[PDB]
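**Student:** Let me give you the structure first, and then I'll get to my questions.
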Amino acid sequence: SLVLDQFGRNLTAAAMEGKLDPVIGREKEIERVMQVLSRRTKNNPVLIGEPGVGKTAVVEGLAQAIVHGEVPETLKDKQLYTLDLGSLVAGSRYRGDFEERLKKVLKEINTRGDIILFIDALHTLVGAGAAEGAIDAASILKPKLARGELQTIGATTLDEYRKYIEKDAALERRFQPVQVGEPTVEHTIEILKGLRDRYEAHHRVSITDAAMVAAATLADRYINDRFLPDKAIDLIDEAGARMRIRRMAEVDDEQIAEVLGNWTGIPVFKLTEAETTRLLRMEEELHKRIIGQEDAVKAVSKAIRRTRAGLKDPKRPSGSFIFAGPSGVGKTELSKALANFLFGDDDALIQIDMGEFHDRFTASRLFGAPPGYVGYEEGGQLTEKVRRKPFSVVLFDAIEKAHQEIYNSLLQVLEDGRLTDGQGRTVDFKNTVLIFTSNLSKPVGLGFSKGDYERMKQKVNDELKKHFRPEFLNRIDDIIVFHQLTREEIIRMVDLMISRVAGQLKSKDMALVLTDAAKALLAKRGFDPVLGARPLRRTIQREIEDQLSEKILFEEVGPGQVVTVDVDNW
Amino acid sequence: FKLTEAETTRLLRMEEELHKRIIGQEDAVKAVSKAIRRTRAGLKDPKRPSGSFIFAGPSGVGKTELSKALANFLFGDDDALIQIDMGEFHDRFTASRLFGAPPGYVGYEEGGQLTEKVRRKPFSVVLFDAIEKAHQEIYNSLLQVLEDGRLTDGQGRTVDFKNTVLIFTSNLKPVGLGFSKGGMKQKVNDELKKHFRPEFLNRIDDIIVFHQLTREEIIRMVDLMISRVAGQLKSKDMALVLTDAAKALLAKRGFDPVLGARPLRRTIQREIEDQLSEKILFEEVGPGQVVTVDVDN
Amino acid sequence: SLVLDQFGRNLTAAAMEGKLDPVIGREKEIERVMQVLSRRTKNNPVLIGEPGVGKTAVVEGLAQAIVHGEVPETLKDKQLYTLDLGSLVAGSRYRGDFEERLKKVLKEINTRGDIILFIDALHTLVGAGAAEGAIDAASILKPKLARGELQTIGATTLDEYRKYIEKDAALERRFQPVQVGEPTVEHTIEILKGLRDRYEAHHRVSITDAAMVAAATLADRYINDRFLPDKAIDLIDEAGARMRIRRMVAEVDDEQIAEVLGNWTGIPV
Amino acid sequence: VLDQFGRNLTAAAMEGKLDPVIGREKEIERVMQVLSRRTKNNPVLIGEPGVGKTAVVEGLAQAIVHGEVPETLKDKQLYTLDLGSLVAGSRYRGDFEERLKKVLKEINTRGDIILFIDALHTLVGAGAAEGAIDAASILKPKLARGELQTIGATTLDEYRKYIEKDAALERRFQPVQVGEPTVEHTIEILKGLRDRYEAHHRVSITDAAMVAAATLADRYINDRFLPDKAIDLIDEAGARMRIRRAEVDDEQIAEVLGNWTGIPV
Amino acid sequence: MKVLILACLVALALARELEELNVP
Ligand SMILES: Nc1ncnc2c1ncn2[C@@H]1O[C@H](COP(=O)(O)OP(=O)(O)OP(=O)(O)O)[C@@H](O)[C@H]1O
Ligand SMILES: Nc1ncnc2c1ncn2[C@@H]1O[C@H](COP(=O)(O)OP(=O)(O)OP(=O)(O)O)[C@@H](O)[C@H]1O
Ligand SMILES: Nc1ncnc2c1ncn2[C@@H]1O[C@H](COP(=O)(O)OP(=O)(O)OP(=O)(O)O)[C@@H](O)[C@H]1O
Ligand SMILES: Nc1ncnc2c1ncn2[C@@H]1O[C@H](COP(=O)(O)OP(=O)(O)OP(=O)(O)O)[C@@H](O)[C@H]1O
Ligand SMILES: Nc1ncnc2c1ncn2[C@@H]1O[C@H](COP(=O)(O)OP(=O)(O)O)[C@@H](O)[C@H]1O
Ligand SMILES: [Mg+2]
Ligand SMILES: [Mg+2]
């Protein structure tokens, strides 16, 4: 009576007092447990399942079914007890002070006769009074459990069923694996509808029927490490507690989705009017620090506007791009600009140095090492950067220097949006923007022909068909051949590159202003169609940056306003 | 168990229910539907797995999509598909992800990322996506999987791959070398003989080389991919209606024999659902309004 | 009460005594913590973050938010304890001593009900009091944390969140990962300007505003083994600790921190 | 901190039992510069084994008595601490942790303790593991608030393998590089130590012995460092003179070097 | 070059708790 009270929670009395949350659905398994409990010799259902799928809710749903009368007449009016093994070990010091107290439990179950133990965390049972080859709480129960004179529901995480129950398979015999599967999206809506009363009352805020349809769909596709009948409750309560935090109304689709935006980082909430103007102004905001490259700025702006409107495929990344073209025209400048639009900084860009994968065996940097190898404690240099940041821009910088077997690790990345690491954890790339910059010059062909962007687009498109397999270019959304930077585009890149040099001078409490004669001279000495914007970058370094670096050290230009004037031109 | 009257009719409807997702690929479906009819008629070989397939063929014609249409048929979702992405296995030593670490090494307690997926669900469709992109002795670890129907774990547990349907989607541009009339399957079959070790090919029940998606199947594929963006992604009180000239324009732009159905999918996110995503953010047509799509030119 | 005082330190009482340094910024991060703590079930946040970004400083910002009353009323008059897991393993030679000490903690928390049990280094919970035949402190707390009858803040390095909380996938469910990010440089200047009086008082030096602006920009540009809200304080300290050294007031300036950073990485700045 | 697991180096320096430290006056200032910090005031002494890292701290413990403190290191006792001696005697649970929480309780109550722990490669994994409770989990909350001043000592490899591979341990110990001394610095070490070696062995060590001990040790011995392989030569030669009995010269330290290395004559 | 590192994980050297023999 009170022997079980001081070592276990009376879960049947918790259902009479209404302390248990209403278990709506998973009643095809409550009847499955009662089919196991009504057996003769081994009547001990272990509820195995992924962590969070409601394994301990089924027994809470069972203990409610005891007092509702839903229970059959073979388990009618049976007091269920969640036996705390930690409370049995506590209060022991000496030899026998665990094993006596567990025999006090089973003497009462023999006496009282309507007791169904619930060993929550049945993996705790092995090694509970001593080691596995000694008298512990497992070895005491094993004569009782195989006879059928002790009914004991277990619940174990599936990962912890293979590690502790299956490791000593004599205990695995005494229990029946009652597979508690993860709810579907349609099933966890009506789980949330029954749980709505307990969370509307605690948070003092209403919860819309749409918000639980939202918290089921948004928890399914945008969470890929938790399980549904728990990760949907997380969106309800954190939005339920967000509403009672600010009021110290109701919970909408937007209230759920802005919780998930603060939990993953993925902007899944309905865009406000101030922000969605920037989404339509994405090209013009990307053109603030990229110049030209208009077909590429459109192409990566279409991928994000498709993502924010919610028209992207839920089983694919947000965008898969290959930035091919001549070197220096802004293949990596744009991938930093796209990572500054989405975040604010360009070190939020996941730059994968893909040129240092030239070995045919550095693919283990992308998904970690397999079991049996150090580099198993590290999940990988790519999977663990997206397990943390699911909404990312993952730049694969200069892909054409790697081996062909690094591309093959990235096939399912592009089509399925998955990349399972070596330690067995799939990582969603479904919300990343996968950029593959390829650097694939002389202003003639080889031989006799009649001929920039003309006879270069069809050239590099056939050099991607030659270097890649046609299954990789199949999975890439858009391949954008990049323009060589024209003369009128180098003039505007002077304005971009000088404004960082002048930005370096704002810390020196001065400012640099250039004349139109001098910006033209830097552009005339910085133009090269085959190497573009780095010879402009070197010209400003050779004629502006170092000559002002000397004149700072002469004290010739201190914090006064230096204007760089042309020497002579025309 | 002996089948429900509903489940008997569904399983004779198994071709025509897997054709609700797979457009075309008729001999591919009625090779993998017969393997489930063998299992459910009580004619499963109790040593051999339920099905063992190489879905070879051109990239994008439905190799992975049939493995997902099979997994949705048998389970209700394609997230019950055990998909082992074989592009991850590039060298010989990532075979310790199929069956886990041996004794005395780290990762011994986790005991495999394929064996433990099947100890939980022994009835499973196990997809080996891009099996050509594995090493030459990754799939040599599956030479007892496909006759004896079991794989010994690194911890020492033979796991029943008998009630599984194993699928090896191999991936096998225009015309080949030399003069030939017309213009193929024997090129794909014999490339498997040169790549795969013919110990592994004898254990495969059926090698199915897939078809080119014809233009009459791309028109039916337009209706399937528009049915993705409407109803699942336009639950904004928005309805997407396409005129029959608009689906004809998508089929004429998305049809290239050598790739199939991904150029159609890239066309829809270039004609339809990126122009539509500009109209939702601008709220030209917005939530609470039916979208029709007239033909552009 | 007395049971919690011998197994941990009250951070709320430490915030009354002014022993916790000011947390300038982190308003949206403490708001996320108090959002998670106000849940009905699984009201357990974890401040995951890069090592040194102020994970334990966010909770120090919470302990002085309770004293200031800037918390919501559901977290008003909470006593925030840093649970010393070493104090629980200490003197647990015999079987069931650790499990007694942990259930005595939880009996006091259910009694009072105003306890937020901050467990710094939550990766040490998996294996806490784990012996040959014992019950680890994870498996005792897992029924408490899942039902929301134990409010518990964790603080774990992202590296130490893979190896010990994602290798215990049951315990990862019981918590909520509150990503404490590496702050921007302009946020770090406000961190440093808020900590100006604590390091003025201990190093007995006046630290000018440009020195705070330098030591955030100089640390971010020239130090990569640490994170911003720490490698910037690090340059403020060895500035001022050298002035306690060489003088056995002198202002800390841009020159006083650049000569620290020059003697730090070997980079002449 | 009890005298059970270490000893008071400042009480030894007050009684003058520590070695006179000639040289390393710049390194002691860098230790005082790290110890004078409000937070993270934990100088790890990175140097090769036997370059004088304890001799930095033995000179630092003298500087507490000599009054060279920055007034935040004034009247601070400096208990050395063998971290492995707390490990020794632990086969059961809470043996290491009780003796580690006792010595941290005796710092909060006393209030002027500066621990010198050597072997910080032992710190990571002092208990069972990192997920278990080790000394690299108990010290860390107090090593970030400046409430615990621990002076470390690694090699450079132990610092790379155990601290630089440990997340959130790089930021709590601040590196102080105790370099390998030159040959003239090593002679000046020996000039300061000779009042101990001539009074312990009751011999007279000539000036020619030390200029040879700083040269022959670098010339012939490469498995071990100078400010120890040179101190050893005039140590054993004083013991060999006490055994054969008195004056040590470059002939008395000569045959001492010939004893070890494979030199027949 | 393609020489594999062989992690070689040790068995857990762990602590032991105690049953104690009661005395007056
Ligand atoms: N079928 C269900 N109906 C209602 N609520 C459910 C159901 N399944 C789970 N829950 C809810 O899930 C929350 C707790 O998680 P759950 O009970 O699923 O954990 P679990 O499956 O036992 O996982 P673990 O093994 O990690 O403890 C509670 O709010 C509980 O009400
Ligand atoms: N379109 C552009 N807009 C802005 N800056 C550009 C552009 N193209 C090049 N630059 C500048 O050129 C420099 C390097 O170019 P970027 O980082 O874009 O390399 P890339 O185009 O990937 O070429 P490659 O990888 O072949 O060097 C940067 O200073 C960048 O700002
Ligand atoms: N038979 C098909 N039925 C329906 N959709 C198809 C079919 N084939 C291709 N598609 C469309 O194109 C996509 C590509 O199909 P799938 O994923 O099966 O490619 P695959 O044939 O495995 O190619 P790969 O060689 O790249 O692996 C499908 O997800 C679908 O959107
Ligand atoms: N927002 C902030 N306001 C004030 N001080 C801050 C802030 N963030 C960090 N700090 C200070 O910077 C240091 C960060 O160390 P702290 O232990 O708080 O962070 P942590 O990332 O949890 O580190 P660890 O993982 O080592 O515990 C402390 O001195 C702290 O006071
Ligand atoms: N100034 C000094 N620098 C270095 N070692 C010194 C100095 N003065 C004395 N010693 C000697 O250093 C030794 C102490 O050990 P130490 O060199 O500190 O070892 P470790 O460098 O491995 O910590 C003793 O032999 C002591 O006499
Ligand atoms: Mg549970
Ligand atoms: Mg495929």
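Residue numbering for chain A follows Swiss-Prot, covering 168-415, 477-668, 674-684, 689-807 in order.
The deposited model was determined using electron microscopy, 2.8 Å.
Cβ coordinates are placed from backbone N, Cα and C, and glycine is handled just like the others.
The ATP binding site feature in Swiss-Prot is assigned to A:216-223, A:553-560.
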**Student:** Listed in sequence order, which of the binding-site residues A:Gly216, A:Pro218, A:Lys222, A:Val557 sit with a CB under 8 A of chain C?
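**Tutor:** Near chain C: A:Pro218.
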**Student:** Tell me, by DSSP, whether A:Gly216 (ATP binding site) is helix, strand or coil?
**Tutor:** strand
**Student:** Counting across all protein chains present, how many other Cβ atoms fall within 10 Å of the Cβ of A:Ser555 (ATP binding site)?
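**Tutor:** A:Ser555 (ATP binding site): 17 neighbouring Cβ atoms within 10 Å.
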**Student:** Would you mind sorting out which binding-site residues among A:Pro218, A:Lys222, A:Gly553, A:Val557, A:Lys559 put a C-beta under 6 angstroms from ligand 6?
**Tutor:** A:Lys222
**Student:** If you draw a 10 Å sphere around the Cβ of A:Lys222 (ATP binding site), how many other Cβ atoms fall inside it, taking every protein chain shown into account?
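**Tutor:** Taking all protein chains shown, A:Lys222 (ATP binding site) has 28 Cβ neighbours within 10 Å.
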**Student:** In terms of DSSP three-state secondary structure, what is the assignment for A:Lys559 (ATP binding site)?
**Tutor:** helix
**Student:** Can you tell me which of A:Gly216, A:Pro218, A:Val220, A:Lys222, our binding-site residues, come within under 6 Å of ligand 2 at the Cβ?
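**Tutor:** By the Cβ criterion, which requires under 6 Å to ligand 2, there are no hits.
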**Student:** Quick one: of the binding-site residues A:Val220, A:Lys222, A:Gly553, flag those whose CB is under 6 Å from ligand 1, and say none if nothing qualifies.
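**Tutor:** The ones that qualify, in sequence order, are A:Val220, A:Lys222.
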**Student:** Looking only at A:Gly216, A:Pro218, A:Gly553, the binding-site residues on record, which one has the least crowded Cβ, with the fewest other Cβ atoms within 10 Å?
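**Tutor:** Each of the binding-site residues A:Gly216, A:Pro218, A:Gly553 was scored by Cβ atoms within 10 Å; lowest is A:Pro218.
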**Student:** Give me the long-range Cβ neighbours of A:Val220 (ATP binding site): same chain, 6+ apart, Cβ under 8 Å, in sequence order.
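**Tutor:** A:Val220 (ATP binding site) has long-range Cβ partners A:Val347, A:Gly348, A:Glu349, A:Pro350, A:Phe394, A:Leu395, A:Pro396, A:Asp397.
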